[PDB]
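# Structural overview for review
Each chain, written out:
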Number of protein chains: 2
Amino acid sequence: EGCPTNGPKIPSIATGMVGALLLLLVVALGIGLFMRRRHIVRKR
Amino acid sequence: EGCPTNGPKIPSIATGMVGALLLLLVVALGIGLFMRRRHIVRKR
């Protein structure tokens, strides 16, 4: 409408962004350890 | 001088958000599997 190229804005929506970002990372980690299904790691 | 940085919308900044969200999830998963196969020394 005026400047589609750029336009940084930090509205109140940040709540969902910050919460989603943190939750997302936690979800990935959990799944990784879950799928692994291993408690006794091998020894070199 | 009045700059709450308000602006609830979907600007071009989405590029970084979408890319960061996907990359973040991938980072968490990798670390999880890495740490799982990585022993943990005591006194750390």
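About the cut-offs
- Residues numbered from 1 in each chain as written, not as in the entry; some residues may be left out.
- Chains lettered and ligands numbered in written order.
- Heavy atoms only, no water.
- Helix = DSSP H or I, 4+ residues; strand = E, 2+ residues; numbered from the N terminus.
- Areas by Shrake-Rupley, 256 points an atom, 1.4 Å probe, with all protein chains shown as cover.
- UniProt positions renumbered as here; feature names shortened; annotations may be inferred.
- Buried < 20%, exposed > 50% of the residue type's maximum accessible area, 1.4 Å probe, protein only.

As recorded by the PDB entry, chain A carries the name Epidermal growth factor receptor and is attributed to Homo sapiens. As deposited in the PDB, this entry carries the title "Homodimeric transmembrane domain of the human receptor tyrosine kinase ErbB1 (EGFR, HER1) in micelles".

### Points about the overall build of chain A
The helix and strand inventory of chain A stands at 1 helix and 0 strands. The principal-axis extents of the C-alpha atoms in chain A amount to approximately 60 × 20 × 15 Å. Of the roughly 4,000 Å² of accessible surface on chain A, a fraction of 67% belongs to carbon and sulfur atoms.

### Things to note about the UniProt feature "transmembrane region" in chain A
Here the UniProt feature "transmembrane region" sits at residues 13–35 of chain A. The distance from the first to the last C-alpha atom of residues 13–35 of chain A is 33 Å, and the span holds 96% helix and 0% strand.

### Points about unusual backbone geometry
The phi angle at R37 of chain A is positive, at roughly 50°, despite the residue not being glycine. Tracing the backbone shows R37 of chain A in the segment after helix 1 (14–36). Classification of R37 of chain A as exposed rests on a relative accessible area of 72%. Although it is not a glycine, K43 of chain B sits at a positive phi angle of roughly 65°. Along the chain, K43 of chain B falls in the segment after helix 1 (14–36).

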